[PDB]
Each structure stands twice: as C-alpha cells, then as structure tokens.
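Encoded as structure tokens, the structure appears first; notes follow it.
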C-alpha cells in the first residue's frame, strides 16, 4: 500500500522456478501449485511455432550472443561465402561457349 | 439495463476493422450508461435515509 | 480433420494435372522434331505440304491445351499455398455456384486423350510418308 | 432506434456492392471471348505464313 | 501469427481489468459503510458523558 | 526484448494485479470483522451499565 | 523486394515494450538477402544472353554476305 | 480457370461438404453460448435471494 | 487487364465481406430487451473504447473503392473496342493483299 | 558474447541497486562498437574478394 502502513515484500513469479512440465504421472493439477495457464499455453504455441526454424535462428532468440555474425548459414546457402572463383568465358568466334561451370 | 447497455457495447466493440465507427448509437449508449449510474446512486441514497 | 483431408484431395489433383502437363510436353517436342525432319527432306511434294499443314494445326491444338495445363497447375499450386492467416481469405458473395463451363472428369480426360490420339495418328501416318519419300 | 437506422444504411451499401461485384464478373467473363477470338486469329494467321 | 499472439494478450488484459474494476467499487462501498458506522458509534459517547 | 521476456513481463503485471485484488479482499473481510466486534463490545458495556 | 523491405521499415516504428525481435525480423532479413541474390544472378544471365545474341548477329552478318 | 479446365473434381464435392457442415457447427456453438448465458442469469437470480435471506 | 480486373474485384469483395459480419453484429444488438436473458456486466467498454471511423468517412471509403471498381470495368470496355477495330483491320488488310 | 553476458548478469540485480550507472553506459558503448566494427569487417572482406 501507499499509506503509513507499508511493507517491503519480495514476490517470485510463477512458471519461473516453481512449476513443472506436464506428464501423465503429474496429471490433473494441484490447486496450490503456481501453474500459470496463460504463459503455459502461450509458450506451448510458441514452441510449436519455434521448432520450424533451424538452430542458428533459434540461438539468435537467446539472451547471450553465441551466434554467427553473418546472417546466411553455412548448411543452407548453396554458394560459398566470399568465394573468389567465377568462370567467365570470353566470347571468341569459333569454339563453343558454355554456362554454369561452377556446377558441372 | 446496465447489463443490456454493457452487452450491446461489447458486441458492438467486436466489429471489423473499418465498420468500427464513432456512431450515433455509441453516443446514445455512453449517455445511457452514465445516466443509469447516476440514477442508481440517487436510489441508494434514498434507501439509506429510509 | 476436414481441412487436412481437403489438402490431400487438392494435392492429388495437382499430381494428376502435372503428369498430364509433362506428357504433353513430351508430345510437343516430338512434334517439333517431326516437323523439322519432314522439312529436311522436303528441301508427292504436294502431299508433303498438305500433311505439313495438318501437322502444324495439330501442333497448335496441343500447344493451346499445354498452355491451359500451365495455368491450371499455377492456380492449384497457389490454392494449396494459401493457408490460415493470410489477407486473401474472405467470406464470398456466392461460394456455392456452378458456372457456365460445367464438364465432368470422364469427358475432360477423354477429350485430352482424344487430341493426343489425333497427334499420334498423324505422327504415324507421317512416318510411312517419311519412308515412302526416302 | 439508433441501432435500426444504422442497420438500414449498412443494408443499402451491402446491396450496392453486391451489384457492382456481379457486373465486374460479367464484364471480365465477356472480355475473355475476345482473347479466344484473338488466339483463333493467331492460328489462322500462322498457317498462311 | 505474431498479431494473433498480441490479440490473445489483449484479451487476458481486459479480463483482469473487468475484475479489477469490480474489486475497487466494492471496496469504496465498504468504506462508506464504515464512515456511517463511525458517526453512529460517535453519538452514544455524548450520551454517556 | 525477446518474445519470452515480453510475455513474462505482461504476466508479471497480471500477477501483480491479482495479488493486489487478494490484499483488498482480505482487508474488506477484516473490516466487516472489526465492525461486528466493535458493535458487540459497545453494546455489552452499555448493558452492564 | 519493394513489398518485403518496406514491410520491414513500416514495422520498425514500434514503441518501447514491443520493440523486440521475433521470427518476423529473421525471416524478413533472409527474404531480402535472397531476393537481392536472385537480382544479381538474373542480371548476370541477361548479360550473357545479350553476348550470345551478339555472336548470333555477327554470324548472320558474315553469312548473309557469303 | 478457363473454358476447358472447369473440371468439377473431387475437390468441389469436398469443399461444399465442408461448408455445409460448417454452418451447422457455428449454429450449434451459438446455441450453446446462449444456453450458458441463460444458466448464468438463473444462478444470479437465486444468489440474490440467498444473499438477502442471510 | 484480366488480372487487374481480378485484383480490384477481390479488393471490393473485401470491402463487402466486412458488411455481413457487421450487419449480423448490429442485428444481434437489435434483438436485446429487458425481459430477455444473455445481457451481462462488462464494465470495460464505457471507460475505454477504440475508434477508427465516422459515418461520412466510412461512406467515403466505400465511394472510393466503388469508383475505382467502375473505372477498372470501363477501361476494359475501351480496350475491347480497340480489339474490335484492330481485328477488323487485320482481316481486311490480309484479304486485300492476298487477292 | 562476453558483452551480452555481462549485460544480462548485471541486469539481474536486486531492487535497491538497479542503477543506470556508468558501467551500463560503457556496456552499451561496447555493444555498439562491436557491431559497427564487425559489419565494417564484412564489407571489407567483400571488397577484397572483388
């Protein structure tokens, strides 16, 4: 309160450090338990949507910066990053011109 | 009629993005809610003096 | 469950119409090879010219059918691409309506097989023309 | 009564957009036949070349 | 899906707001009952004196 | 912020509002108890006199 | 490229609590980088098509004379 | 789709069956919502009398 | 012109598809009474509310959409007239040179 | 990675010491300087490949 009555009270949040994940052995609920239903449902649908992205895009959604600074990943990009080779065929009358010497 | 006016305001609030409007019904319902609250307060004062 | 089953039926129709498109692509490039070979011994001759005319108009009819298959695959792939939470979804003015060009499955694929059979017919008749002129 | 008058105006504009959508359907459906005639003319001009 | 999550959070907020308004006008009612009772308790003091 | 941090912030607000509703409910029940005890005490002393 | 990258900037006017980074930021930056890459490869292949048609025109010039 | 391609496949029967199921589904859900709000009204109507007689 | 017709068609179809839900909402608000049930205490709405339009601005938005729809229909008829003249010119000019 | 871990660790403090002191200013300057430097390195690697 804001009064002459005043108390410095600490309070701990619900799904942090006080609740657990669901299972059939812990099935129905205990009414005394801080089961925060809103964060539980939201984080369930968030995890369902979260599992689709690959792992570098998961660790960009973490707190500390363990991610690779360059945005395109190694295992997804078909081209080499900062590769110097590029086959340019000079047009000369006579011999045969061709394309895509990178992937033959 | 407090229940009637509040439920009408709620169902009118669940409207799509362009048909949600600053309507004549909205001003009448706001005045109705205010008038019902003041009338209820006067009725409670009469009850206490009774 | 009903939405998943509708996705399965739509993908089945995609897998039918893509097969028809690729096999008509095969027939189209075989007609291109045939017109070029018949030209290369054209360079009896009146019969060669008039079956060149028949072969050209058959090629144009299968070309029209091939373009129709192209746009039909584009429409069905887009219709499966669209899903929950996109802006295009709306209540329609008349969802249930049978339009003017109503035809059935049997008549549709017998028509497509019919113009393919015509194509193979003038290919074969052209082959004994090829061997008679040679 | 305020609810009633807003309902009447909304009904009128809904029916008007119904008429406009139907007319645009009919206009596009009659424009497609010119493309059919165009393609037939393209065939019968591909022959004379 | 992002704007759907925002809408879910809005609905949670407005639920708690409705309950909160009910609490605060109940407590104002109890406070005015306490004031009326205080004056009624004040008068027998004058009687006893 | 990250979406988990954003969602935990709004649930912390909702739990604070729920806690304050709980404190007000306990306070109003104790107001009613103070009223009934006070009335009984004054009337008992009145009747002894 | 128009629609995706102005979608990004028209999103990023957000206030303090909802100034965040969801999956939409990451998917949109991947979108604009890959559309940019498609632009460069189609530009290069258009350039090589122009060179091929130059060779075709040159062979026409030397063959219609002979 | 154009003139030769309106094929009337299995998809049109599937879609009309889904729509035809769906108006009945939404109608039954509105009916149950009305029933539930009627029940809440009845519980208030007796809670008032209990609260007065106490 | 066919695809441009389609996209203004679905845009005006959006502006019509709002109306069915809003009309059902206002009709459901019309059928309340005092003796009827299903009215309740929802006290957020009087204190706090969001606004997006006035009736004249809503009507003006509908005029803008319907105007652009009618322009896009009429431009198609203009191009159809050009198609008529061009194909008659093509048939005449090929026949005269062939003869 | 080291800088962002310092940011979250120092932000997890208790109530009578959650202070925007000079340490948090220097940590923000570190985050900005690191990201500018590594993006400049990215562009320089592109030019050296070209």
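Note that each Cβ is placed from the backbone with ideal geometry, even for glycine, and that neighbours are counted across all protein chains shown. Bear in mind these aren't lab numbers, they're just calculated from the coordinates by the rules spelled out.
Report, in whole Å, the centroid distance computed from the Cα atoms of chain D and region A:1-74. Here the answer is 52 Å between Cα centres. Taking chain A as the reference, fit the longest principal axis to its C-alpha atoms, fit the long axis of helix A:37-50 to the helix C-alpha atoms, and give the angle between the two in degrees, 0 to 90, nearest 10. It works out to around 10 degrees. Using alpha-carbon positions, what is the distance between the centroids of region C:2-79 and region F:13-46, in Å? After rounding, the separation between the Cα centres reads 86 Å.
What does the average come to when, for each residue of peptide I:80-86, you count the partner chain Cβ atoms lying within 10 Å of its Cβ? Walk me through the numbers before you get to the answer.
Numbers: counts 5, 0, 1, 5, 2, 0, 2.
Mean inter-chain Cβ contacts per residue within 10 Å come to 2.
Of the candidates G:40, G:25, G:54, which one comes out as most mobile in a Gaussian network treatment of chain G with C-alpha springs shorter than 10 Å? With Cα springs under 10 Å in chain G, the top fluctuation among G:40, G:25, G:54 is at G:54. Among B:49, G:34, H:5, the order by Cβ neighbours within 10 angstrom, fewest to most, reads B:49, G:34, H:5. Listed by Cβ neighbour count within 10 Å, with the fewest neighbours leading, C:123, E:39 appear as E:39, C:123. Using the rule -39500 (n - 2.57) for each DSSP H run of four or more residues, divided by the residues of chain A, the 222 nm mean residue ellipticity is -6000 deg cm²/dmol.
The Cα center of region G:21-47 and the Cα center of region J:1-24 differ in position by 37 Å. The mean count of C-beta atoms from other chains within 10 Å of the C-beta of residues in C:102-109, rounded to a whole number, is 3.
Helix I:55-98 and the longest principal axis of the Cα set of chain I meet at an angle near 10°. Kindly express, to the nearest 10 degrees and within the range 0 to 90, the angle between helix B:24-49's C-alpha long axis and the longest C-alpha principal axis of chain B. Between helix and principal axis, roughly 10 degrees. Build a GNM of chain A with springs between Cα atoms under 10 Å apart, and of A:40, A:73, A:30 the one that fluctuates most is A:30.
Considering every pair of different Cα atoms, what Kirkwood radius, in Å, is found for chain F?
By the Kirkwood definition, the hydrodynamic radius is 14.1 Å.
Each peptide among D:4-12, J:19-27 gets the average number of other Cβ atoms lying within 10 Å of its residues, and from highest to lowest they stand as D:4-12, J:19-27.
Summed over qualifying helices (DSSP H, 4 residues or more, each -39500 (n - 2.57)) and divided by its residue number, chain I shows a 222 nm mean residue ellipticity of -27000 deg cm²/dmol.
Pick out which of A:60, A:93, A:29 has the largest mean-square fluctuation in a Gaussian network model of chain A, springs linking Cα atoms closer than 10 Å. Comparing A:60, A:93, A:29 in a Gaussian network model of chain A, the most mobile one is A:93. Principal axis analysis of the Cα atoms in chain G yields extents of 77, 16, 10 Å, listed in decreasing size. Taking each DSSP H run with n ≥ 4 as -39500 (n - 2.57) and averaging over every residue of chain H yields -30500 deg cm²/dmol at 222 nm.
Work out the mean other chain Cβ neighbour count within 10 Å for the residues of I:55-65 and drop it here as an integer.
3
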